[PDB]
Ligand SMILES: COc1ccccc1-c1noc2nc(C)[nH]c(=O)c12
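Take a look at this one chain, the form solved without the ligand, written out in structure tokens.
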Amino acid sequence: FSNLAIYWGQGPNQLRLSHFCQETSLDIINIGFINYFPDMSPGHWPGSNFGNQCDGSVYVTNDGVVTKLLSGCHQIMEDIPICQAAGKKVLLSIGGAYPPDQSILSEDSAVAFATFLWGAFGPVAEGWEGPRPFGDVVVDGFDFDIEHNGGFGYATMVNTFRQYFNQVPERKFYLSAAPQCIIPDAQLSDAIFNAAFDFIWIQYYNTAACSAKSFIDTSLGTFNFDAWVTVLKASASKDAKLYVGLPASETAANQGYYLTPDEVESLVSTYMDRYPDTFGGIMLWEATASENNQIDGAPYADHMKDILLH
């Protein structure tokens, strides 16, 4: 009943999306990334990057300005309906690690950013005369993986998305956030406090103070999933489910943050038992690292799902 989410799009030499659409264990796939924001990007359109995917072509604006928005993502376009046919939720992720200089400058551009992404990647609409980078494909929602430059504007984007969702009552869409473990989180505590996410996956790697590893070795820090449950009570996101985000291999994150499946099992046993209504499951960074980390003939993600269903 808990879920397994994973990121795809930034894996070196990654297999195409359809491979992970075929992986039973995955419930949610976050495609990264819309990594360029309109206030500082060429042509003031969002920009995208999906690693080795897409043919390099980019849209241009009505006035001929070259954008960073990829226009030839044929494999992604073919593959998303496969994930949805298999019953997976496919979310488009905003931000990611690179580049480190992107932010939102105003309420206006926050609203317009969400409007643009809804038009480009949400439902097809006759009055939309803009780009459709995945064609007639409609994503299941948007993930906010903001990792740099503070928390301005994201609550507004989230509220804007939600108002758009409420105009399509026959279909459910989703919003998620990927804060790091320290509270307050510089990028997303504001959005979490002021707007309502469906899912929040706490990245429990790369910060010594509160990592998942510190649950295993308590001399390293203090795992603070308890604090995250608490901090919700207070928030617009009070009904969000919280996921433990983990590296899927020894090298997907900084050294010392990867947990063995037995270590995960111990962690998940305690926390799923303690918070049966709030614990949502596990998130993994990331698809290729999972695929390349075969344990007893099965990728890391499959062991994670086994733990969740155990």
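The first residue of the sequence shown is number 1, and the count goes up from there.
Omitted from view is the form deposited with the ligand bound, to which the following refers.
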{"item": "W285: touches the ligand in the deposited complex, heavy atom cutoff 4.5 angstroms", "value": "yes"}
{"item": "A236: touches the ligand in the deposited complex, heavy atom cutoff 4.5 angstroms", "value": "no"}
{"item": "Proximity of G151 to the ligand in the deposited complex, heavy atoms at 4.5 Å", "value": "no"}
{"item": "Contact test in the deposited complex: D145 vs the ligand, heavy atoms, 4.5 Å", "value": "yes"}
{"item": "Contact test, all of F37, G119 and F161, partner the ligand in the deposited complex, heavy atom 4.5 Å", "value": "no"}
{"item": "One residue of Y59, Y258, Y271, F33 in contact with the ligand, assessed in the deposited complex (non-hydrogen atom, 4.5 angstroms)", "value": "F33"}
{"item": "Sole residue of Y205, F134, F215, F173 within 4.5 Å of the ligand in the deposited complex, by heavy atom", "value": "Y205"}
{"item": "Candidate stretches 105-113, 217-225, 92-100, 74-82 - the one whose heavy atoms come within 4.5 Å of the ligand in the deposited complex", "value": "92-100"}
